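Structure record follows, encoded as C-alpha cells.
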Amino acid sequence: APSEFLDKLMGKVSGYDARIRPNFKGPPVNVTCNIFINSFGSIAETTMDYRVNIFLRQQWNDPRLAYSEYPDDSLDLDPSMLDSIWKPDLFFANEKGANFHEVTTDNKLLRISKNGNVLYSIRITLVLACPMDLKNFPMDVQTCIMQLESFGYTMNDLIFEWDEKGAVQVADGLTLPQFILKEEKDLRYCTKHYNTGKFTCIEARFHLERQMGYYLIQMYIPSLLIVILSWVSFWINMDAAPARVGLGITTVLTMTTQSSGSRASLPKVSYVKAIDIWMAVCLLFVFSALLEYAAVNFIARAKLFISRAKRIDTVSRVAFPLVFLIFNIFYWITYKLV
Amino acid sequence: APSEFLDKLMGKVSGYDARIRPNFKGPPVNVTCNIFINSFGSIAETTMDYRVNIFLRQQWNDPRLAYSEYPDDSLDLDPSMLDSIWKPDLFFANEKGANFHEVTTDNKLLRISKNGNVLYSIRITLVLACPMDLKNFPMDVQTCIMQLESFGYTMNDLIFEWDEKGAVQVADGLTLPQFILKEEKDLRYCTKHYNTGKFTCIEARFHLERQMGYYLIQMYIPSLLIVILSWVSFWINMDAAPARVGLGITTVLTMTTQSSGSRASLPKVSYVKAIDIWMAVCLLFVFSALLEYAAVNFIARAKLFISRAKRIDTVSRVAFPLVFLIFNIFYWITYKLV
Amino acid sequence: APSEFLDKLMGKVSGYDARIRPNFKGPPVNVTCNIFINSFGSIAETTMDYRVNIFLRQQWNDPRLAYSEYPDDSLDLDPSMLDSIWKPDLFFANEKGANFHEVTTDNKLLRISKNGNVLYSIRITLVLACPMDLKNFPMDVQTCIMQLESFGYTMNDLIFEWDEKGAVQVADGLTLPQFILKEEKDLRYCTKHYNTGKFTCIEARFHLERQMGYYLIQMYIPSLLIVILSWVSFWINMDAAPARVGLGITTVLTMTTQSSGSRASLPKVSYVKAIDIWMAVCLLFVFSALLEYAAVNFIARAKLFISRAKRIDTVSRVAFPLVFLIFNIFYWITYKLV
Amino acid sequence: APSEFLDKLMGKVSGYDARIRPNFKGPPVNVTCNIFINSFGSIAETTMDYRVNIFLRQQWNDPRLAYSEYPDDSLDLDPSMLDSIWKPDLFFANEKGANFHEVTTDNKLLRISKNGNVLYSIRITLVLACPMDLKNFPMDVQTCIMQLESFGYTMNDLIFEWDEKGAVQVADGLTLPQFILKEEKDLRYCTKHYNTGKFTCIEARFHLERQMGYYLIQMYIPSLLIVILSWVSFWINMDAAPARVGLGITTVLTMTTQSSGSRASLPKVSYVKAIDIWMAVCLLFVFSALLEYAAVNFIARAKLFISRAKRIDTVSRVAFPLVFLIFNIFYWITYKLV
Amino acid sequence: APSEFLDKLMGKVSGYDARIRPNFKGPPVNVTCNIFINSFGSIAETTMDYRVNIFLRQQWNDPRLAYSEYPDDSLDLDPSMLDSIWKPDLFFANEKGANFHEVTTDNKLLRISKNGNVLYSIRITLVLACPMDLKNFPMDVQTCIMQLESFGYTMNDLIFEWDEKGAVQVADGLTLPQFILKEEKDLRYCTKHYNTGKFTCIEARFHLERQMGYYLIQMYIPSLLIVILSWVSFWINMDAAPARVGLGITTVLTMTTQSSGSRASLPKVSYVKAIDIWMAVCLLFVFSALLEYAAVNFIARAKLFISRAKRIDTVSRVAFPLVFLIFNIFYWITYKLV
C-alpha cells in the first residue's frame, strides 16, 4: 500500500514531469532557502580563498506534488526519490569548485508537505574565493561573501528569497583559528545581468575580525623589544665603538630578517600593507641609531668636537624614546581605533 | 534454486521496498554500530585535522527480510545486493570530506540473520577536523572526537546506540608518530537540534597524549645547553670583553633562531603557547647576560668602581644558576605534573 | 500536454538523432560562441599556468529542432534534456585538465529558439598552461591565450566564429592579484593542420600588465637603500677600517641574500631576467666599495701614498653617486618606457 | 556462433549467478594469486608511506564456467565480460587509498581454462602506509609489507594461497632512489580475528636497504671535515685568540646548522635517531674545542700559568684526534657491521 | 535513412559483437598508431617524473565494419558510437596514473573507412616516471621513454606497429623550460615476457638536453667570482690578518651556503653529482686560502721566518690562478665536450 502510494504520487503514473518547472507558464517559483554553516577552515591569504561546508535548506511549492492521501502534514520520501522530482537549480557563483558528500548514503533530505510545500536539504562543501582588502593587514576586518544564483532559469521563471527569520545559522561552538565571526550578519539581494537574460541572486555577508594576538606576539613585540635594545646603546661607554656597533648592526640585520619573515605568509600585493610601515619605521630607527654611532665617530675622529659629541649623545638618548613613543601613539590610533 | 531464493527474498517479487524504512510507521529503528579503526595518520596541527580509516559495523532489524527458508543462522548476500535493501543513512558530521575504498571489489559486507538481524560493514576513509586546545602545546593531551548523526530521518524515525560491549576497537599493533592513544575510551550520546527537527547522534572520545621525546630533544635541550654556555661567560677573564660578548650575542641570536624555528610547525594561534614562555625566559636570561656584560663595562669605563664590578661578577655567577633552577623547578610542575 | 510536446519535439518519436550532425551532408554548422569569464586565479610563474573559470555560450542552428507549436520565441528545456540533442563538440586545446561544476544541479543552459536557433551555456573550470616570455621579468606584459578547437569534426563539417559583438566578457568587479587586465582585447582565428585533417580553431588574446608595486617595494628599494648605506662609508673616518669593512661586507652579503631571495619564486629559466642585471650591478657596486676600502689599505699599508689615498677617497665619493645615477637613468628607460 | 557461445556460457541463459560464490555450500574457494610489481616511488619518511603499482594475478576454480565447447585450453573473454562473472573479493588492508587505471580501456584480463580454471589480472595503484623503525636512521634496513585480506567472506568460505612458485615478481630493471631491494623475499600467512568472524590474509615481506651514499656525502663528510678544521686551531699561535675563536665559533655554529638541516626530512619521532648521536658528539667536540680556548685564556689572563697552558695545548692536540678516532671506530661497528 | 544506416552497420542488428576481436581466430590484428604530443610540463628531478598530454591515433582493420553503402571513403560516427565497436586495448606501462579529458564532449574521434580501416583518436594526459641518470647533473642529456603494451591480449592475438612515416609528431611551437628536445627521435620495439604470456609493446625515445643557462648563471658564476674574490686576499697587506680572514671565512661560509643550496632541488641520490665535484674543489680552494693565511701566521708568530712568509705569499698568488685554471680547463672538457 505505501509503495503504491509513493508510486501514485510521483513518477510515471499521473503524468508527472521532472523536466517541467512547477506552476509551468506562471508566476516565478519562490525558493526560500536558509543555510546552516558547519565551519570555516584553511582561510588563506595566500590562496586568497576559504572553504566552508554548509547544509542548504531550500523550500519551494509545487502544485502537482500535493496529496490528500495521508493525514500526516509532512512525509519524508527516500533520499533516492529526490532525483525524481523537479529541483530548483542553483550554483554558487564564485565557487572555484565544490562537492557533495556521498560517504555512506547520499546526504540529502526531502520532505513533502501535505500542502505541497517541499523542503530539500543538501550538505555541500565549498571552496570560495573572496577578494579581501589588505590595505591594513594585521588589524583588518574582512567581509566574506557568497552569492547563490540560478543558472537554469531567468528572473521571470525563478526567484530566491532569504527566509524572513533565521536565514543564516551558525554551529553552536564554531570558532576560527586567527578569526572571530561577528554575530551581526548582513543579507542582501542581487540581480545579475548577463547577455542571456537577468538571473536572480541572493548574497550573504560575513564580517570577520582577525585575531590580533598572534601578530602582536610574533611580529610586534620583537620589534618593540629590539628598539628597546637599541636605546641602551646610547647609555654605553662613549669611548668603545665595537659593543654599540655590534648591538646596532646585529639589531638592524635582525630587524631586516624579522621584516622579510612576514612577507612569506601574505599574498603578493601591490599596495602597501599596514605592518610594512611599522617595519619601515622600526628599521628606520635602528638604522638611525647606527647612523648616530657612525656620526659621533665622524665628529670625534676629525677636543671641542668630542665635547659636542658628548652633548649629541644625551640629546639623542632623550630624543629616541620620545620619537618612537610619539610614533607609537600616532600609529595605534589609526588601526586599533575608529 | 539459491538464485530463486535470493530473488524471492528481496527485490521486485514479494513487494519489497528499498525506499520505505523498516517497521514503517512504528518505533524508531535501532542502529547498533561499532567501529574498528585501522589507523590515525598525518595528524597535523597546521591543517588542524587528522585522517582515520575505519570499518563501520552497523546492525539493525528489518521484519520483511526475515526468512524461514534456510537452516543457517546468517546468510551472506553478495556485496552488490547491498544496494537493493534499505540502509540506515548516516554521515559523519565533522567529516570535511571522506571516501569509500572501491579498489578491486567494493568493500562492503552484508549478512542477514535468519531472525532478520542485519549486519552491514563498510570500510571508509575519513578526514576529520577537531578543534584542539594548544593552551599548553608541548605537554598537552588532546581529545579527538567523531560524531555519527542521521541526516535522513528525525529522532522518532531512527536511533543510534553504541554496542553494550566492544563499541570501539583498535588495531592490535596500532601506534602513532608523535602520539599515544589512551586505552581508556569515553563514549557519549548527543542530540542535534536543527531548524528541521531533532536528529540522533553518537560520539566517541579519543584521548591522545603527545610524545614529549621529540620536543624535549629538539626544542628544550639546546635551550638548556645554551644557557649552560651562557653561565661560563661569568667565569671568564674580567678584562676581555670580546670573548664574552661573542659568546653572549651569538647565544642570544641562536636562541632567537631556535625560537623562530618552533613557530613554523604549529598553526597560527591567538593565545600564548606553553613553549613560548620557555623561550621568552631563555631569551630573557641570555639577554640579561648580555646586559650584565654591558653593565659591568658601563661601571668600569666610567679603581673602586672596577672592584664593585668584581663583586657583581661573583654574585651574578651565583645568582643565574639559582634563578634558572628555581624557574625550571617552578616550570615543570605545571605541565608535567597534575 | 507540455510533456507530450517535449516528447514530440526531441527523443525517440519523429526519428531524431543525437549522433547525426545538424544539416547532415551540407555546409559546415556554425558555432557562434562567446565566453564570459568569472576570474583568473593562482597565476603562477612556477607552475607556468593559470586557472580561469568561464561561462561558455555557444549557439548553432539545427533544422529538425525547429517547432511551430508554441508562440514563445525561445523555450528552455530542462538541463537534463541537454544530453539528448546533438551538441557541438569542442575542447580547449592547451587545457592541461578541466572540469564541469556538478554541485547541486548540473550547470547547463539550453534554450531553443522557435527559429531553431540553439543557445547552449556551460560553466567550466580550466587550468591553462601559457608560455610566457620573462625576458624582462618585473616590468613585463604577458599575453595569455586560449584556443577552442573541434576535435570531433573537420573544417568542412564544423566552424567556430566569434560573435560579431561582445565575444568576450569580463566580470564587473574582476581584479587580479599582481596583475591588471587590459580593456583592449584581441581576437583571432586559427586553423590546425593535423595528420587527420584540418580542424577549426578560434583564439582569444589577453594582455596582462604585472603590478610593479610589489616588486618595487620588496626587491628594488632595499637595493637602492643599501647602496645609499654603501656611499656613507666613503664619508667615514679615513683611519678606521673595521666600521667601513663591517658596513661593506654586511651590505654585500645582505645584497647576496636579497638576490637569492628573488630566485625562488620564478620558474627556472635559461635566459637572463630583467631583475638579474639590477642585482648584478648592485652587487657590483657594493663589491666595488669593498674593493675600494681594501685598495686604499693596500696603498696605505705599503706618507705621500696616504695623501694619494686621501684624494682617491674624495673622487670616489663623488664618482659612485654619479655612476649609480647614470646607471639608474639608463636602466629605467628600457623597462618602464617604450 | 561465437557470440551465441559467450552468451550460452555466462549471463542470463543457463541460470548463472554473479552473486553466488563458486561451489556454493562447499569447501572454501582457493584464490591462488601472485603479484608482479612495476615500481616503488616517492618513499617518504615524512608521509610514512610509499606508493607501488602492481599487476595482481589471481586464479580460482569455478565449476559452472567449465566448457566442453571449444578445443582451445584457455579462452580470453572481453575485459567487459569480467563484471559478469563472480569475482574473489579482496582489499589491501593497509591501503590508505588506491585506484584502478582506466586510461584507454579498463586494465583487466580474464581468461577461462577449459578446465574452468580462471585467471584474473588487474593493474592497481596503491598507497601503503608502513610503520618503519628509524631506531638507527641512516644505516637502517626497513621491512615493508602488504597484506591481502578478504572482506567479503569468512575463513570457511574463501582462502588465499601464495603460488608455490614465483608468487612475487619484480620488474627487470627496477631500481629505487635511496634504496635497494633485497632479492631474498619472505612470504607468510596471517588470519585476522575480527568481531565479525575470522578472515584469511596473506602478506608479502620486502627488505629494503637504504643507500648510504647520499647521507655519507651530505651529512657525515662535512662533520668529519669541520672537526678536521677544528684540530688545526690547536696548532695555531698561542698568543692570538681571535683567529682560533673565529674558527671555533664559526665551526660550532656551522655544525648546529648542519644538525638542524637533517631534522627537516625525517618524520617527527620520539626515540633518538642514529645520526643524532653523531651530531651530538661532533657538536660536543667542537664545543669542547671552544671550551679549550676559553680555558687556556682563563689560565693565562689570571708566568708559570702560561707554561701550564703551553703543556695543555700539546696534550690536547694529541688527545682530540685519538678521542674522535676511538669514537669513530666504536661508532661504525654498531651500524655498518653486525 | 542515415539513422537506419548507423543502426544497420553496428549494434544489435547484423549480429555484431564489441566483445569479439576483429578477424576472430586469425592472424593478430595490427594496431598502427602514431602519437602527437601537445607538451611536456613540470619535469621534476624531485618527483622523478614528467607529465605529457598526447593525441593518440591508433588504426586497425575490422572486416565486419566494412560497408558498401555510402560513396564517401570515410565516415565519422558520433564519438558516442565509439563505445559500441571493439577497441584495441592498450595501457601505458609506466603511467603512474593518467586520465581522459571529458571537458565539454568526450575527446574522441572515430572514422571508419569504406575499406573498413578504422581510425581512433583519443586525447589523454599522462604522468610518466622515467629513471634518469644524473651521473653528470648540470650538463646531462636525459632519455625519456614511454612504452605502449597490450594488457588485453597476447602476441598471437594483437600487434603494435609504429607508422612507417610520421609515427611521432611534435606541436609546432613546443618549448620546454630548462630543456630542449632533439629533432632526432628514436623508435624501437619491445616484447614483454610475463608469467601470463608474451605481450606486444612499442616504445618511443625522447632525447632531452638540459639548458645550461640557468645553472651557469645561478650555480657556477658565484663560485668563480668568489674564488676571484679569494685571490685578492694574497695581494693585501702582509701585516693585517682581520681583513683577509674576514674575506676568507666569509667566502668559505658563503660557498658552503651556495653548496647546500643546490642540494634541495635534485632528488636524493647515492652516486656523486657533477656539480658536487665543482663545489668540492671550490670549497677546497677557499678553505686552502684560509689555511694559507693561518699558515703564514703560524710561521710569523713563531725575522727570517717572516721573509720566508714573504716569498710563500708571492708563490701562492702565482699558484692559485694556475691551479684553478688548470682545474677549470681539465673540468669543462668532460661535461661540455665529447
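So you can find residues: chains in the C-alpha cells are A, B, ... in the order shown, residues in each start at 1, and ligands are numbered from 1 in order.
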
So that I can see what lies close to residue 98 of chain B, please list as a PyMOL selection string the residues with an atom at most 8 Å from it, counting only C-alpha atoms and leaving out residues fewer than 5 positions away in the same chain.
(chain A and resi 101+103) or (chain B and resi 124-127)

Distance query residue 220 of chain B at most 12 Å, only C-alpha atoms, self and fewer than 6 positions along chain excluded, as number ranges by chain
B: 138, 212-214, 226-227, 255, 258-259, 262, 274-279, 282, 328, 332

Could the residues in this selection be saved with N, CA and C atoms as an mmCIF file, in the first residue's frame?
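What landed in again_27.cif:
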data_model
loop_
_atom_site.group_PDB
_atom_site.id
_atom_site.type_symbol
_atom_site.label_atom_id
_atom_site.label_comp_id
_atom_site.auth_asym_id
_atom_site.auth_seq_id
_atom_site.Cartn_x
_atom_site.Cartn_y
_atom_site.Cartn_z
ATOM 1 N N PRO B 138 53.537 21.769 24.172
ATOM 2 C CA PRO B 138 54.362 20.555 24.118
ATOM 3 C C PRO B 138 53.825 19.387 24.942
ATOM 4 N N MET B 212 56.573 13.430 24.357
ATOM 5 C CA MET B 212 57.409 14.531 24.816
ATOM 6 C C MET B 212 58.833 14.415 24.284
ATOM 7 N N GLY B 213 59.200 13.214 23.845
ATOM 8 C CA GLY B 213 60.551 12.933 23.389
ATOM 9 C C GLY B 213 61.110 13.865 22.327
ATOM 10 N N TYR B 214 60.387 14.006 21.220
ATOM 11 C CA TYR B 214 60.847 14.835 20.108
ATOM 12 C C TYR B 214 61.084 16.274 20.533
ATOM 13 N N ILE B 226 72.511 25.958 25.874
ATOM 14 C CA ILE B 226 72.964 27.303 25.521
ATOM 15 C C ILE B 226 72.994 28.205 26.753
ATOM 16 N N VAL B 227 72.057 28.007 27.676
ATOM 17 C CA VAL B 227 72.111 28.734 28.942
ATOM 18 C C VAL B 227 73.331 28.266 29.741
ATOM 19 N N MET B 255 69.454 31.627 20.126
ATOM 20 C CA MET B 255 68.192 31.424 20.835
ATOM 21 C C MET B 255 67.015 32.041 20.095
ATOM 22 N N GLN B 258 66.353 29.581 17.266
ATOM 23 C CA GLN B 258 65.716 28.412 17.865
ATOM 24 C C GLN B 258 64.253 28.698 18.194
ATOM 25 N N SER B 259 63.980 29.923 18.636
ATOM 26 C CA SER B 259 62.618 30.329 18.964
ATOM 27 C C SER B 259 61.754 30.393 17.709
ATOM 28 N N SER B 262 60.382 26.954 16.057
ATOM 29 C CA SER B 262 59.187 26.270 16.547
ATOM 30 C C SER B 262 57.890 26.861 15.986
ATOM 31 N N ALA B 274 52.649 27.045 25.419
ATOM 32 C CA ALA B 274 53.474 26.684 26.570
ATOM 33 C C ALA B 274 54.975 26.790 26.305
ATOM 34 N N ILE B 275 55.401 26.482 25.087
ATOM 35 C CA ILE B 275 56.815 26.552 24.750
ATOM 36 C C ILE B 275 57.256 28.015 24.711
ATOM 37 N N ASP B 276 56.304 28.891 24.408
ATOM 38 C CA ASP B 276 56.578 30.309 24.239
ATOM 39 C C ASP B 276 57.170 30.945 25.493
ATOM 40 N N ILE B 277 56.648 30.587 26.662
ATOM 41 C CA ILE B 277 57.140 31.165 27.908
ATOM 42 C C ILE B 277 58.553 30.649 28.187
ATOM 43 N N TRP B 278 58.808 29.395 27.823
ATOM 44 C CA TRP B 278 60.134 28.807 27.979
ATOM 45 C C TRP B 278 61.155 29.561 27.136
ATOM 46 N N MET B 279 60.761 29.880 25.913
ATOM 47 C CA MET B 279 61.659 30.600 25.029
ATOM 48 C C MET B 279 61.825 32.048 25.471
ATOM 49 N N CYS B 282 64.202 31.948 28.408
ATOM 50 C CA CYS B 282 65.556 31.591 27.996
ATOM 51 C C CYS B 282 66.216 32.791 27.320
ATOM 52 N N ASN B 328 63.115 26.658 36.488
ATOM 53 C CA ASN B 328 62.975 25.328 35.911
ATOM 54 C C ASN B 328 62.023 24.490 36.755
ATOM 55 N N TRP B 332 58.346 22.975 35.430
ATOM 56 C CA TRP B 332 57.968 21.596 35.120
ATOM 57 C C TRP B 332 56.715 21.131 35.859
#

Residues flagged strand (DSSP E) by DSSP in segment 69-175 of chain B, as a compact mmCIF listing (two decimals) with N, CA, C and O atoms, in the first residue's frame:
# COMPACT_ATOMS: atom_id res chain seq x y z
N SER B 74 22.87 -17.20 9.70
CA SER B 74 23.17 -16.00 8.93
C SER B 74 23.59 -16.34 7.50
O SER B 74 24.35 -17.27 7.27
N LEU B 75 23.07 -15.57 6.54
CA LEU B 75 23.45 -15.74 5.14
C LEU B 75 24.18 -14.50 4.66
O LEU B 75 23.80 -13.38 4.98
N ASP B 76 25.24 -14.70 3.88
CA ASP B 76 25.96 -13.56 3.33
C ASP B 76 25.58 -13.36 1.87
O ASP B 76 25.98 -14.12 0.99
N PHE B 91 25.77 10.25 8.11
CA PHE B 91 27.06 10.83 7.78
C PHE B 91 27.85 11.02 9.05
O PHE B 91 27.30 10.98 10.15
N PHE B 92 29.14 11.21 8.88
CA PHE B 92 29.97 11.82 9.90
C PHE B 92 29.75 13.33 9.82
O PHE B 92 29.76 13.91 8.73
N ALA B 98 35.42 12.61 2.74
CA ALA B 98 35.61 11.20 3.07
C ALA B 98 35.37 10.38 1.82
O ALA B 98 34.79 10.88 0.87
N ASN B 99 35.81 9.12 1.81
CA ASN B 99 35.50 8.27 0.66
C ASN B 99 35.43 6.77 0.96
O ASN B 99 36.04 6.28 1.92
N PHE B 100 34.67 6.06 0.14
CA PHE B 100 34.72 4.61 0.07
C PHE B 100 36.02 4.13 -0.58
O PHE B 100 36.65 4.87 -1.34
N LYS B 108 32.42 -3.96 1.21
CA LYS B 108 31.11 -3.99 1.83
C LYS B 108 30.89 -5.37 2.38
O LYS B 108 31.45 -6.34 1.88
N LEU B 109 30.07 -5.47 3.42
CA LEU B 109 29.72 -6.76 3.97
C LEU B 109 28.27 -6.69 4.37
O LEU B 109 27.84 -5.76 5.04
N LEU B 110 27.50 -7.67 3.94
CA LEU B 110 26.11 -7.71 4.28
C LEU B 110 25.75 -9.11 4.69
O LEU B 110 25.80 -10.02 3.86
N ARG B 111 25.37 -9.31 5.94
CA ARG B 111 24.89 -10.63 6.33
C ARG B 111 23.57 -10.51 7.07
O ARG B 111 23.40 -9.68 7.97
N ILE B 112 22.62 -11.34 6.64
CA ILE B 112 21.26 -11.30 7.14
C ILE B 112 21.01 -12.48 8.05
O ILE B 112 21.17 -13.64 7.64
N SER B 113 20.64 -12.20 9.29
CA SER B 113 20.30 -13.25 10.24
C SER B 113 18.96 -13.87 9.85
O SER B 113 18.13 -13.23 9.21
N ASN B 117 17.98 -9.99 11.69
CA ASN B 117 19.01 -9.05 12.11
C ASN B 117 19.99 -8.85 10.97
O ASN B 117 20.48 -9.82 10.38
N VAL B 118 20.29 -7.60 10.66
CA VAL B 118 21.16 -7.28 9.54
C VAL B 118 22.46 -6.66 10.04
O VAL B 118 22.45 -5.68 10.79
N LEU B 119 23.56 -7.26 9.60
CA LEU B 119 24.90 -6.72 9.79
C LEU B 119 25.41 -6.12 8.49
O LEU B 119 25.39 -6.77 7.44
N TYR B 120 25.86 -4.88 8.58
CA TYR B 120 26.33 -4.12 7.43
C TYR B 120 27.63 -3.42 7.73
O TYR B 120 27.68 -2.53 8.57
N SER B 121 28.69 -3.81 7.02
CA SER B 121 30.03 -3.35 7.34
C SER B 121 30.70 -2.67 6.16
O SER B 121 30.86 -3.27 5.10
N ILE B 122 31.12 -1.42 6.33
CA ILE B 122 31.78 -0.71 5.23
C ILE B 122 33.09 -0.07 5.64
O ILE B 122 33.22 0.46 6.74
N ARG B 123 34.08 -0.14 4.76
CA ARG B 123 35.38 0.44 5.03
C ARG B 123 35.46 1.83 4.44
O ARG B 123 35.33 2.02 3.24
N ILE B 124 35.68 2.81 5.31
CA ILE B 124 35.61 4.22 4.92
C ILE B 124 36.91 4.91 5.29
O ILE B 124 37.52 4.57 6.29
N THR B 125 37.35 5.88 4.49
CA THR B 125 38.42 6.78 4.93
C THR B 125 37.84 8.15 5.22
O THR B 125 37.05 8.70 4.44
N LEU B 126 38.24 8.69 6.36
CA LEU B 126 37.76 9.97 6.84
C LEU B 126 38.90 10.96 7.05
O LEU B 126 39.97 10.60 7.54
N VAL B 127 38.66 12.20 6.66
CA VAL B 127 39.40 13.31 7.21
C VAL B 127 38.49 13.78 8.33
O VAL B 127 37.30 13.56 8.24
N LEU B 128 39.03 14.27 9.44
CA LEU B 128 38.21 14.87 10.49
C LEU B 128 38.91 16.07 11.09
O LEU B 128 40.06 15.97 11.53
N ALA B 129 38.21 17.20 11.11
CA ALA B 129 38.77 18.40 11.71
C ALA B 129 38.33 18.49 13.16
O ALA B 129 37.15 18.66 13.45
N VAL B 141 47.47 16.93 26.37
CA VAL B 141 46.64 15.82 25.96
C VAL B 141 45.51 16.41 25.13
O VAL B 141 44.86 17.36 25.57
N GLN B 142 45.29 15.87 23.94
CA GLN B 142 44.25 16.39 23.07
C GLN B 142 43.12 15.37 22.96
O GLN B 142 43.37 14.17 22.85
N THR B 143 41.88 15.86 23.01
CA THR B 143 40.73 14.98 22.89
C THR B 143 40.11 15.09 21.51
O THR B 143 39.63 16.14 21.11
N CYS B 144 40.12 13.96 20.80
CA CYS B 144 39.74 13.90 19.39
C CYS B 144 38.44 13.14 19.23
O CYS B 144 38.29 12.03 19.74
N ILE B 145 37.49 13.74 18.52
CA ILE B 145 36.12 13.22 18.56
C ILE B 145 35.50 13.09 17.18
O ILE B 145 35.73 13.90 16.29
N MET B 146 34.71 12.03 17.01
CA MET B 146 33.83 11.93 15.86
C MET B 146 32.41 11.66 16.34
O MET B 146 32.19 10.98 17.36
N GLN B 147 31.46 12.22 15.60
CA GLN B 147 30.05 12.07 15.93
C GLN B 147 29.22 11.69 14.70
O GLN B 147 29.21 12.38 13.69
N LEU B 148 28.55 10.55 14.82
CA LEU B 148 27.72 10.00 13.76
C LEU B 148 26.30 10.49 13.96
O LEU B 148 25.72 10.27 15.02
N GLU B 149 25.74 11.15 12.95
CA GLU B 149 24.36 11.62 13.02
C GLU B 149 23.56 11.13 11.81
O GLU B 149 24.13 10.90 10.75
N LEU B 158 14.56 7.17 13.68
CA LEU B 158 15.80 6.39 13.71
C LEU B 158 16.61 6.71 14.96
O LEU B 158 16.57 7.84 15.44
N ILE B 159 17.33 5.73 15.49
CA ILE B 159 18.16 5.93 16.69
C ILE B 159 19.49 5.19 16.58
O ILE B 159 19.55 4.06 16.10
N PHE B 160 20.56 5.84 17.04
CA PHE B 160 21.86 5.19 17.12
C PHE B 160 22.25 4.85 18.56
O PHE B 160 22.12 5.67 19.46
N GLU B 161 22.73 3.63 18.75
CA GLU B 161 23.15 3.15 20.05
C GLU B 161 24.52 2.51 19.94
O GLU B 161 24.73 1.65 19.08
N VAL B 168 34.01 0.36 20.44
CA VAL B 168 35.12 0.88 19.65
C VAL B 168 36.32 -0.04 19.80
O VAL B 168 36.68 -0.45 20.91
N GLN B 169 36.93 -0.40 18.68
CA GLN B 169 38.05 -1.33 18.70
C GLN B 169 39.25 -0.78 17.95
O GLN B 169 39.12 -0.04 16.97
N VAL B 170 40.44 -1.16 18.41
CA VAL B 170 41.68 -0.64 17.86
C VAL B 170 42.43 -1.79 17.20
O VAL B 170 42.27 -2.94 17.60

Give me, as a ChimeraX atom specification, the residues of chain A touching chain C, with the criterion being at most 9 Å (counting only C-alpha atoms).
/A:15-21,47-48,87-100,122,124,129,131,151-153,194-196,241-242,245,249,253,260,263,267-272,294-295,297-298,301-302

Env of residue 319 of chain A: 12 Å cut, atoms = only C-alpha atoms, seq-sep filter 2 positions within chain, self excluded. Answer as a list in words.
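So, after excluding close chain neighbours, the residues are residues 231, 234, 285, 288, 289, 292, 312, 313, 314, 315, 316, 317, 321, 322, 323, 324, 325 and 326 of chain A.
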
Keeping C-alpha atoms for every residue in the selection just given, could you write it to a file as a PDB file, in the first residue's frame?
ATOM      1  CA  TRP A 231      68.226  52.694  23.099  1.00  0.00           C
ATOM      2  CA  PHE A 234      73.202  55.490  23.831  1.00  0.00           C
ATOM      3  CA  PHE A 285      65.004  53.850  13.939  1.00  0.00           C
ATOM      4  CA  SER A 288      69.273  55.867  12.506  1.00  0.00           C
ATOM      5  CA  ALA A 289      70.921  54.519  15.663  1.00  0.00           C
ATOM      6  CA  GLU A 292      74.159  58.037  15.109  1.00  0.00           C
ATOM      7  CA  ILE A 312      74.619  64.973  20.987  1.00  0.00           C
ATOM      8  CA  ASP A 313      74.715  61.638  22.849  1.00  0.00           C
ATOM      9  CA  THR A 314      72.480  62.923  25.659  1.00  0.00           C
ATOM     10  CA  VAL A 315      70.062  64.819  23.428  1.00  0.00           C
ATOM     11  CA  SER A 316      69.778  61.689  21.268  1.00  0.00           C
ATOM     12  CA  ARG A 317      69.109  59.367  24.212  1.00  0.00           C
ATOM     13  CA  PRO A 321      62.185  57.317  23.226  1.00  0.00           C
ATOM     14  CA  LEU A 322      60.048  60.398  22.549  1.00  0.00           C
ATOM     15  CA  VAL A 323      60.263  59.869  18.786  1.00  0.00           C
ATOM     16  CA  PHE A 324      59.351  56.188  18.974  1.00  0.00           C
ATOM     17  CA  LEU A 325      56.641  56.976  21.524  1.00  0.00           C
ATOM     18  CA  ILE A 326      55.010  59.757  19.507  1.00  0.00           C
TER      19      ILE A 326
END

All helix (DSSP H, G or I) positions in segment 1-115 of chain D, as a count of residues only:
14

When you draw a straight line from atom CA of residue 73 of chain A to atom CA of residue 64 of chain B, how long is it in Å?
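Separating atom CA of residue 73 of chain A from atom CA of residue 64 of chain B is a distance of 26.8 Å.
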